[PDB]
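Engineer: Supplied structure: entry_35.cif, mmCIF, N, CA and C atoms.
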```
data_model
#
loop_
_atom_site.label_atom_id
_atom_site.label_comp_id
_atom_site.auth_asym_id
_atom_site.auth_seq_id
_atom_site.Cartn_x
_atom_site.Cartn_y
_atom_site.Cartn_z
N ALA A 1 5.65 28.54 -5.19
CA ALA A 1 6.57 27.40 -5.43
C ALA A 1 6.91 26.75 -4.09
N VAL A 2 6.71 25.43 -3.97
CA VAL A 2 7.23 24.63 -2.83
C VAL A 2 8.03 23.46 -3.39
N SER A 3 9.19 23.23 -2.81
CA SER A 3 10.07 22.08 -3.11
C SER A 3 9.72 20.92 -2.18
N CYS A 4 10.06 19.70 -2.59
CA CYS A 4 9.98 18.51 -1.71
C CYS A 4 10.92 18.70 -0.51
N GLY A 5 12.03 19.41 -0.66
CA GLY A 5 12.97 19.76 0.41
C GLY A 5 12.25 20.49 1.53
N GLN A 6 11.52 21.54 1.16
CA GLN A 6 10.65 22.32 2.08
C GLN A 6 9.63 21.39 2.71
N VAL A 7 8.91 20.62 1.91
CA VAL A 7 7.76 19.80 2.42
C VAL A 7 8.27 18.71 3.38
N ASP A 8 9.27 17.95 2.94
CA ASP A 8 9.88 16.82 3.68
C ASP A 8 10.55 17.30 4.97
N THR A 9 11.21 18.46 4.92
CA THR A 9 11.89 19.08 6.08
C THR A 9 10.82 19.45 7.11
N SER A 10 9.73 20.06 6.68
CA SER A 10 8.64 20.47 7.60
C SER A 10 8.10 19.23 8.34
N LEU A 11 7.97 18.09 7.69
CA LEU A 11 7.40 16.92 8.43
C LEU A 11 8.51 16.00 8.98
N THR A 12 9.76 16.42 8.94
CA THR A 12 10.87 15.59 9.45
C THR A 12 10.62 15.21 10.91
N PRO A 13 10.19 16.11 11.82
CA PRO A 13 9.94 15.74 13.22
C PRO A 13 8.70 14.88 13.45
N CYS A 14 7.88 14.65 12.42
CA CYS A 14 6.65 13.83 12.48
C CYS A 14 6.93 12.35 12.22
N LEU A 15 8.15 11.96 11.84
CA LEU A 15 8.42 10.56 11.46
C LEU A 15 8.22 9.63 12.65
N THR A 16 8.58 10.04 13.85
CA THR A 16 8.36 9.17 15.03
C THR A 16 6.88 8.78 15.04
N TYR A 17 6.00 9.78 15.04
CA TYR A 17 4.54 9.63 15.08
C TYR A 17 4.08 8.87 13.84
N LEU A 18 4.61 9.19 12.65
CA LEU A 18 4.05 8.57 11.42
C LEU A 18 4.29 7.06 11.40
N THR A 19 5.35 6.60 12.07
CA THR A 19 5.79 5.20 12.06
C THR A 19 5.26 4.49 13.31
N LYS A 20 5.07 5.18 14.43
CA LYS A 20 4.62 4.52 15.69
C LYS A 20 3.19 4.90 16.11
N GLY A 21 2.62 5.98 15.59
CA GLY A 21 1.34 6.54 16.07
C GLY A 21 1.50 7.21 17.43
N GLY A 22 0.41 7.29 18.19
CA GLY A 22 0.32 7.96 19.50
C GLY A 22 0.04 9.44 19.32
N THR A 23 0.89 10.30 19.88
CA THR A 23 0.68 11.76 19.86
C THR A 23 1.82 12.42 19.12
N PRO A 24 1.57 13.26 18.09
CA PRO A 24 2.65 14.06 17.51
C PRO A 24 3.31 15.04 18.51
N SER A 25 4.61 15.23 18.36
CA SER A 25 5.42 16.23 19.11
C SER A 25 4.99 17.65 18.75
N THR A 26 5.24 18.57 19.66
CA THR A 26 4.99 20.01 19.44
C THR A 26 5.69 20.42 18.14
N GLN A 27 6.95 20.03 17.95
CA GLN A 27 7.72 20.40 16.73
C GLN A 27 7.05 19.76 15.51
N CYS A 28 6.54 18.55 15.63
CA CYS A 28 5.79 17.93 14.50
C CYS A 28 4.60 18.82 14.16
N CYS A 29 3.78 19.18 15.14
CA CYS A 29 2.61 20.05 14.87
C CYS A 29 3.05 21.41 14.30
N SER A 30 4.16 22.00 14.77
CA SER A 30 4.69 23.27 14.19
C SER A 30 5.04 23.05 12.72
N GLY A 31 5.54 21.87 12.40
CA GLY A 31 5.87 21.45 11.05
C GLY A 31 4.62 21.41 10.17
N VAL A 32 3.55 20.83 10.69
CA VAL A 32 2.27 20.66 9.95
C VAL A 32 1.68 22.05 9.72
N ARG A 33 1.71 22.88 10.75
CA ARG A 33 1.35 24.31 10.57
C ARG A 33 2.19 24.98 9.46
N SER A 34 3.50 24.73 9.36
CA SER A 34 4.35 25.34 8.31
C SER A 34 3.84 24.85 6.98
N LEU A 35 3.51 23.58 6.88
CA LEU A 35 3.02 22.99 5.62
C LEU A 35 1.75 23.72 5.16
N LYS A 36 0.80 23.90 6.05
CA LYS A 36 -0.46 24.62 5.75
C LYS A 36 -0.12 26.05 5.30
N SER A 37 0.74 26.76 6.02
CA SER A 37 0.99 28.17 5.61
C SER A 37 1.73 28.25 4.27
N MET A 38 2.36 27.18 3.80
CA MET A 38 3.13 27.29 2.55
C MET A 38 2.34 26.75 1.34
N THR A 39 1.11 26.27 1.54
CA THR A 39 0.33 25.67 0.43
C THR A 39 -0.98 26.42 0.17
N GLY A 40 -0.93 27.75 0.06
CA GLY A 40 -2.11 28.57 -0.22
C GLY A 40 -2.61 28.45 -1.66
N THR A 41 -1.78 28.09 -2.63
CA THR A 41 -2.30 27.98 -4.02
C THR A 41 -2.57 26.51 -4.35
N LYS A 42 -3.47 26.26 -5.28
CA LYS A 42 -3.66 24.90 -5.84
C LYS A 42 -2.32 24.29 -6.31
N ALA A 43 -1.42 25.04 -6.96
CA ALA A 43 -0.15 24.45 -7.47
C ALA A 43 0.66 23.91 -6.28
N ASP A 44 0.72 24.67 -5.20
CA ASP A 44 1.55 24.32 -4.01
C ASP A 44 0.90 23.12 -3.33
N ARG A 45 -0.43 23.04 -3.27
CA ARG A 45 -1.11 21.89 -2.62
C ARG A 45 -0.83 20.63 -3.44
N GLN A 46 -0.93 20.73 -4.75
CA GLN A 46 -0.63 19.57 -5.61
C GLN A 46 0.85 19.21 -5.48
N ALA A 47 1.76 20.19 -5.50
CA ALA A 47 3.20 19.92 -5.34
C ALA A 47 3.41 19.27 -3.97
N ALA A 48 2.76 19.77 -2.92
CA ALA A 48 2.98 19.20 -1.56
C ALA A 48 2.52 17.75 -1.59
N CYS A 49 1.32 17.54 -2.12
CA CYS A 49 0.70 16.20 -2.14
C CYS A 49 1.67 15.22 -2.84
N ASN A 50 2.25 15.61 -3.98
CA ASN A 50 3.17 14.73 -4.74
C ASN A 50 4.40 14.40 -3.88
N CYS A 51 5.05 15.42 -3.32
CA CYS A 51 6.19 15.27 -2.38
C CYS A 51 5.83 14.26 -1.28
N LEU A 52 4.64 14.35 -0.71
CA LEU A 52 4.31 13.51 0.48
C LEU A 52 3.94 12.10 0.05
N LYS A 53 3.38 11.97 -1.14
CA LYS A 53 3.15 10.68 -1.81
C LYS A 53 4.48 9.95 -1.99
N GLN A 54 5.45 10.62 -2.59
CA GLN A 54 6.79 10.06 -2.87
C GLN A 54 7.44 9.66 -1.53
N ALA A 55 7.28 10.46 -0.48
CA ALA A 55 7.92 10.22 0.83
C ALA A 55 7.28 9.00 1.49
N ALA A 56 5.97 8.91 1.49
CA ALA A 56 5.20 7.75 2.01
C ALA A 56 5.58 6.46 1.24
N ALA A 57 5.80 6.54 -0.07
CA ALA A 57 6.27 5.39 -0.89
C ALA A 57 7.69 4.96 -0.44
N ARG A 58 8.61 5.88 -0.17
CA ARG A 58 10.01 5.55 0.16
C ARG A 58 10.13 5.11 1.63
N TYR A 59 9.36 5.69 2.52
CA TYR A 59 9.42 5.36 3.98
C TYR A 59 8.38 4.29 4.28
N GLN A 60 8.80 3.05 4.18
CA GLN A 60 7.93 1.87 4.27
C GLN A 60 7.38 1.69 5.72
N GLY A 61 7.93 2.30 6.75
CA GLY A 61 7.42 2.12 8.12
C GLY A 61 6.26 3.09 8.42
N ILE A 62 5.86 3.92 7.47
CA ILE A 62 4.74 4.89 7.72
C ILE A 62 3.43 4.12 7.86
N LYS A 63 2.72 4.35 8.96
CA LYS A 63 1.36 3.82 9.17
C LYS A 63 0.35 4.72 8.44
N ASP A 64 -0.44 4.20 7.52
CA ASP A 64 -1.42 5.03 6.78
C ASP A 64 -2.40 5.68 7.76
N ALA A 65 -2.83 4.94 8.80
CA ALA A 65 -3.74 5.50 9.82
C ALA A 65 -3.10 6.76 10.38
N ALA A 66 -1.85 6.70 10.81
CA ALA A 66 -1.15 7.83 11.48
C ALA A 66 -1.06 8.99 10.51
N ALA A 67 -0.69 8.72 9.25
CA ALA A 67 -0.59 9.77 8.21
C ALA A 67 -1.94 10.52 8.07
N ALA A 68 -3.05 9.80 8.01
CA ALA A 68 -4.39 10.37 7.75
C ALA A 68 -4.88 11.16 8.96
N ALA A 69 -4.40 10.86 10.18
CA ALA A 69 -4.82 11.52 11.43
C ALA A 69 -3.85 12.66 11.79
N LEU A 70 -2.73 12.84 11.08
CA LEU A 70 -1.68 13.80 11.54
C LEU A 70 -2.29 15.20 11.65
N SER A 71 -2.98 15.71 10.61
CA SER A 71 -3.48 17.12 10.66
C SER A 71 -4.54 17.30 11.77
N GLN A 72 -5.47 16.36 11.87
CA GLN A 72 -6.50 16.28 12.94
C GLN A 72 -5.83 16.32 14.32
N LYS A 73 -4.81 15.50 14.57
CA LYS A 73 -4.20 15.43 15.94
C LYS A 73 -3.37 16.69 16.21
N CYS A 74 -2.96 17.41 15.17
CA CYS A 74 -2.24 18.68 15.34
C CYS A 74 -3.20 19.85 15.41
N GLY A 75 -4.50 19.65 15.21
CA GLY A 75 -5.42 20.81 15.21
C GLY A 75 -5.26 21.68 13.96
N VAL A 76 -4.74 21.12 12.88
CA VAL A 76 -4.47 21.90 11.63
C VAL A 76 -5.47 21.45 10.57
N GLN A 77 -6.11 22.41 9.91
CA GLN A 77 -6.96 22.15 8.73
C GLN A 77 -6.03 22.07 7.54
N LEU A 78 -5.48 20.89 7.28
CA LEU A 78 -4.46 20.74 6.24
C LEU A 78 -5.12 20.00 5.09
N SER A 79 -5.22 20.73 3.98
CA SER A 79 -5.96 20.38 2.74
C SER A 79 -5.05 19.58 1.79
N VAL A 80 -4.20 18.71 2.35
CA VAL A 80 -3.26 17.83 1.58
C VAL A 80 -3.24 16.47 2.25
N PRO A 81 -3.71 15.39 1.57
CA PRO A 81 -3.61 14.04 2.12
C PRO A 81 -2.18 13.51 2.03
N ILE A 82 -1.87 12.56 2.90
CA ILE A 82 -0.52 11.94 3.03
C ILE A 82 -0.74 10.44 2.86
N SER A 83 -0.43 9.91 1.67
CA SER A 83 -0.57 8.48 1.30
C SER A 83 0.13 8.21 -0.02
N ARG A 84 0.71 7.02 -0.17
CA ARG A 84 1.42 6.61 -1.41
C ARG A 84 0.42 6.35 -2.56
N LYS A 85 -0.89 6.33 -2.29
CA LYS A 85 -1.97 5.93 -3.25
C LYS A 85 -2.88 7.10 -3.65
N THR A 86 -2.57 8.35 -3.29
CA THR A 86 -3.52 9.46 -3.52
C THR A 86 -3.36 9.94 -4.95
N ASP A 87 -4.46 10.34 -5.56
CA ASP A 87 -4.40 11.05 -6.86
C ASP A 87 -4.31 12.55 -6.58
N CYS A 88 -3.09 13.07 -6.70
CA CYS A 88 -2.74 14.44 -6.28
C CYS A 88 -3.37 15.43 -7.26
N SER A 89 -3.68 14.99 -8.48
CA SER A 89 -4.31 15.84 -9.53
C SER A 89 -5.78 16.18 -9.19
N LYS A 90 -6.43 15.38 -8.35
CA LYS A 90 -7.85 15.57 -7.98
C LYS A 90 -8.00 16.52 -6.79
N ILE A 91 -6.90 17.03 -6.23
CA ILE A 91 -6.90 17.96 -5.07
C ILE A 91 -7.30 19.36 -5.53
N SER A 92 -8.22 19.98 -4.77
CA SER A 92 -8.68 21.37 -4.96
C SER A 92 -7.61 22.34 -4.45
#
```
Just dump the structure as structure tokens.
Structural biologist:
Amino acid sequence: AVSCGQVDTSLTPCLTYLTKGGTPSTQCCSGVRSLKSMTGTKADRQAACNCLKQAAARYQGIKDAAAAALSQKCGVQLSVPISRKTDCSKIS
């Protein structure tokens, strides 16, 4: 079980980067690592994906480019996309 509270809190330090781009903070990357360690089941990955979809929809300053590069720039293999347009049901 993962809540949007858990998911949104983990990426709270990433908002600077998500809205401006450049380089994520150490705490942002620690956040992305927390996200990966909490989404080991398909249910948790789909729940995470939905939470991050809803957050990207509400936070209008999020750059889609920055969202799609966040896991790559943190060195994290994160199996959850971050976009207001993703079909979260199609996630493995």
Engineer: For the file shown, report as a PyMOL selection string the outcome of the PyMOL selection byres ((chain A and resi 11) around 8) at residue level.
Structural biologist: chain A and resi 5-10+12-16+27-32+34-35
Engineer: Take atom CA of residue 63 of chain A and atom CA of residue 19 of chain A and report the distance between them in Å, one decimal.
Structural biologist: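 Those two atoms sit 5.5 Å apart.
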Engineer: For a quick check of understanding, using only C-alpha atoms, which of A:49, A:38, A:4, A:82 has the smallest distance to residue 65 of chain A?
Structural biologist: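 Smallest separation from residue 65 of chain A among the options: A:82.
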Engineer: Can you measure atom N of residue 61 of chain A to atom C of residue 37 of chain A for me? One decimal in Å is fine.
Structural biologist: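 The value is 26.8 Å.
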Engineer: Considering only C-alpha atoms, return as a PyMOL selection string whatever protein or nucleic-acid residues lie within 12 Å of residue 62 of chain A, sequence-local ones (same chain, fewer than 6 positions apart) excluded.
Structural biologist: chain A and resi 14-21+52-56+68+70+82-84
Engineer: Starting from 8 Å padding per side, set up an axis-aligned box that covers all listed atoms of segment 84-87 of chain A and hand over centre and edge lengths in Å, one decimal, as AutoDock Vina command-line options.
Structural biologist:
```
--center_x -1.5 --center_y 9.2 --center_z -3.5 --size_x 21.9 --size_y 22.6 --size_z 22.7
```
Engineer: Quote the spacing between atom CA of residue 22 of chain A and atom C of residue 88 of chain A in Å to one decimal place.
Structural biologist: 28.0 Å
Engineer: Here is a test: counting only C-alpha atoms, which residue of A:3, A:24, A:85, A:51 is nearest to residue 72 of chain A?
Structural biologist: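 Counting only C-alpha atoms, the residue closest to residue 72 of chain A is A:24.
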Engineer: For the PyMOL selection byres ((chain A and resi 45) around 8), applied here, can you spell out every residue it catches as a PyMOL selection string?
Structural biologist: chain A and resi 2+38-44+46-51+79-81+88+91-92
Engineer: According to DSSP computed on the backbone, where in segment 17-57 of chain A is there alpha helix (DSSP H)? Give the residues as a PDB file with N, CA and C atoms, keeping the file's coordinate frame.
Structural biologist:
```pdb
ATOM      1  N   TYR A  17       6.000   9.780  15.040  1.00  0.00           N
ATOM      2  CA  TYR A  17       4.540   9.630  15.080  1.00  0.00           C
ATOM      3  C   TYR A  17       4.080   8.870  13.840  1.00  0.00           C
ATOM      4  N   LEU A  18       4.610   9.190  12.650  1.00  0.00           N
ATOM      5  CA  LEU A  18       4.050   8.570  11.420  1.00  0.00           C
ATOM      6  C   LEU A  18       4.290   7.060  11.400  1.00  0.00           C
ATOM      7  N   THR A  19       5.350   6.600  12.070  1.00  0.00           N
ATOM      8  CA  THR A  19       5.790   5.200  12.060  1.00  0.00           C
ATOM      9  C   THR A  19       5.260   4.490  13.310  1.00  0.00           C
ATOM     10  N   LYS A  20       5.070   5.180  14.430  1.00  0.00           N
ATOM     11  CA  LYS A  20       4.620   4.520  15.690  1.00  0.00           C
ATOM     12  C   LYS A  20       3.190   4.900  16.110  1.00  0.00           C
ATOM     13  N   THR A  26       5.240  18.570  19.660  1.00  0.00           N
ATOM     14  CA  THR A  26       4.990  20.010  19.440  1.00  0.00           C
ATOM     15  C   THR A  26       5.690  20.420  18.140  1.00  0.00           C
ATOM     16  N   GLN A  27       6.950  20.030  17.950  1.00  0.00           N
ATOM     17  CA  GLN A  27       7.720  20.400  16.730  1.00  0.00           C
ATOM     18  C   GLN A  27       7.050  19.760  15.510  1.00  0.00           C
ATOM     19  N   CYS A  28       6.540  18.550  15.630  1.00  0.00           N
ATOM     20  CA  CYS A  28       5.790  17.930  14.500  1.00  0.00           C
ATOM     21  C   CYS A  28       4.600  18.820  14.160  1.00  0.00           C
ATOM     22  N   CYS A  29       3.780  19.180  15.140  1.00  0.00           N
ATOM     23  CA  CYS A  29       2.610  20.050  14.870  1.00  0.00           C
ATOM     24  C   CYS A  29       3.050  21.410  14.300  1.00  0.00           C
ATOM     25  N   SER A  30       4.160  22.000  14.770  1.00  0.00           N
ATOM     26  CA  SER A  30       4.690  23.270  14.190  1.00  0.00           C
ATOM     27  C   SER A  30       5.040  23.050  12.720  1.00  0.00           C
ATOM     28  N   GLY A  31       5.540  21.870  12.400  1.00  0.00           N
ATOM     29  CA  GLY A  31       5.870  21.450  11.050  1.00  0.00           C
ATOM     30  C   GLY A  31       4.620  21.410  10.170  1.00  0.00           C
ATOM     31  N   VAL A  32       3.550  20.830  10.690  1.00  0.00           N
ATOM     32  CA  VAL A  32       2.270  20.660   9.950  1.00  0.00           C
ATOM     33  C   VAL A  32       1.680  22.050   9.720  1.00  0.00           C
ATOM     34  N   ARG A  33       1.710  22.880  10.750  1.00  0.00           N
ATOM     35  CA  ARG A  33       1.350  24.310  10.570  1.00  0.00           C
ATOM     36  C   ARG A  33       2.190  24.980   9.460  1.00  0.00           C
ATOM     37  N   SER A  34       3.500  24.730   9.360  1.00  0.00           N
ATOM     38  CA  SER A  34       4.350  25.340   8.310  1.00  0.00           C
ATOM     39  C   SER A  34       3.840  24.850   6.980  1.00  0.00           C
ATOM     40  N   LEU A  35       3.510  23.580   6.880  1.00  0.00           N
ATOM     41  CA  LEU A  35       3.020  22.990   5.620  1.00  0.00           C
ATOM     42  C   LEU A  35       1.750  23.720   5.160  1.00  0.00           C
ATOM     43  N   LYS A  36       0.800  23.900   6.050  1.00  0.00           N
ATOM     44  CA  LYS A  36      -0.460  24.620   5.750  1.00  0.00           C
ATOM     45  C   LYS A  36      -0.120  26.050   5.300  1.00  0.00           C
ATOM     46  N   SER A  37       0.740  26.760   6.020  1.00  0.00           N
ATOM     47  CA  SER A  37       0.990  28.170   5.610  1.00  0.00           C
ATOM     48  C   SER A  37       1.730  28.250   4.270  1.00  0.00           C
ATOM     49  N   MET A  38       2.360  27.180   3.800  1.00  0.00           N
ATOM     50  CA  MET A  38       3.130  27.290   2.550  1.00  0.00           C
ATOM     51  C   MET A  38       2.340  26.750   1.340  1.00  0.00           C
ATOM     52  N   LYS A  42      -3.470  26.260  -5.280  1.00  0.00           N
ATOM     53  CA  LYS A  42      -3.660  24.900  -5.840  1.00  0.00           C
ATOM     54  C   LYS A  42      -2.320  24.290  -6.310  1.00  0.00           C
ATOM     55  N   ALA A  43      -1.420  25.040  -6.960  1.00  0.00           N
ATOM     56  CA  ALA A  43      -0.150  24.450  -7.470  1.00  0.00           C
ATOM     57  C   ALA A  43       0.660  23.910  -6.280  1.00  0.00           C
ATOM     58  N   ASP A  44       0.720  24.670  -5.200  1.00  0.00           N
ATOM     59  CA  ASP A  44       1.550  24.320  -4.010  1.00  0.00           C
ATOM     60  C   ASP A  44       0.900  23.120  -3.330  1.00  0.00           C
ATOM     61  N   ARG A  45      -0.430  23.040  -3.270  1.00  0.00           N
ATOM     62  CA  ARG A  45      -1.110  21.890  -2.620  1.00  0.00           C
ATOM     63  C   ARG A  45      -0.830  20.630  -3.440  1.00  0.00           C
ATOM     64  N   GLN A  46      -0.930  20.730  -4.750  1.00  0.00           N
ATOM     65  CA  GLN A  46      -0.630  19.570  -5.610  1.00  0.00           C
ATOM     66  C   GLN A  46       0.850  19.210  -5.480  1.00  0.00           C
ATOM     67  N   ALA A  47       1.760  20.190  -5.500  1.00  0.00           N
ATOM     68  CA  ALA A  47       3.200  19.920  -5.340  1.00  0.00           C
ATOM     69  C   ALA A  47       3.410  19.270  -3.970  1.00  0.00           C
ATOM     70  N   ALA A  48       2.760  19.770  -2.920  1.00  0.00           N
ATOM     71  CA  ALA A  48       2.980  19.200  -1.560  1.00  0.00           C
ATOM     72  C   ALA A  48       2.520  17.750  -1.590  1.00  0.00           C
ATOM     73  N   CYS A  49       1.320  17.540  -2.120  1.00  0.00           N
ATOM     74  CA  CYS A  49       0.700  16.200  -2.140  1.00  0.00           C
ATOM     75  C   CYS A  49       1.670  15.220  -2.840  1.00  0.00           C
ATOM     76  N   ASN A  50       2.250  15.610  -3.980  1.00  0.00           N
ATOM     77  CA  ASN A  50       3.170  14.730  -4.740  1.00  0.00           C
ATOM     78  C   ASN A  50       4.400  14.400  -3.880  1.00  0.00           C
ATOM     79  N   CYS A  51       5.050  15.420  -3.320  1.00  0.00           N
ATOM     80  CA  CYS A  51       6.190  15.270  -2.380  1.00  0.00           C
ATOM     81  C   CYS A  51       5.830  14.260  -1.280  1.00  0.00           C
ATOM     82  N   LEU A  52       4.640  14.350  -0.710  1.00  0.00           N
ATOM     83  CA  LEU A  52       4.310  13.510   0.480  1.00  0.00           C
ATOM     84  C   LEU A  52       3.940  12.100   0.050  1.00  0.00           C
ATOM     85  N   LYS A  53       3.380  11.970  -1.140  1.00  0.00           N
ATOM     86  CA  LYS A  53       3.150  10.680  -1.810  1.00  0.00           C
ATOM     87  C   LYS A  53       4.480   9.950  -1.990  1.00  0.00           C
ATOM     88  N   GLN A  54       5.450  10.620  -2.590  1.00  0.00           N
ATOM     89  CA  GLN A  54       6.790  10.060  -2.870  1.00  0.00           C
ATOM     90  C   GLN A  54       7.440   9.660  -1.530  1.00  0.00           C
ATOM     91  N   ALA A  55       7.280  10.460  -0.480  1.00  0.00           N
ATOM     92  CA  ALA A  55       7.920  10.220   0.830  1.00  0.00           C
ATOM     93  C   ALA A  55       7.280   9.000   1.490  1.00  0.00           C
ATOM     94  N   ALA A  56       5.970   8.910   1.490  1.00  0.00           N
ATOM     95  CA  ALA A  56       5.200   7.750   2.010  1.00  0.00           C
ATOM     96  C   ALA A  56       5.580   6.460   1.240  1.00  0.00           C
ATOM     97  N   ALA A  57       5.800   6.540  -0.070  1.00  0.00           N
ATOM     98  CA  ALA A  57       6.270   5.390  -0.890  1.00  0.00           C
ATOM     99  C   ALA A  57       7.690   4.960  -0.440  1.00  0.00           C
TER     100      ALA A  57
END
```
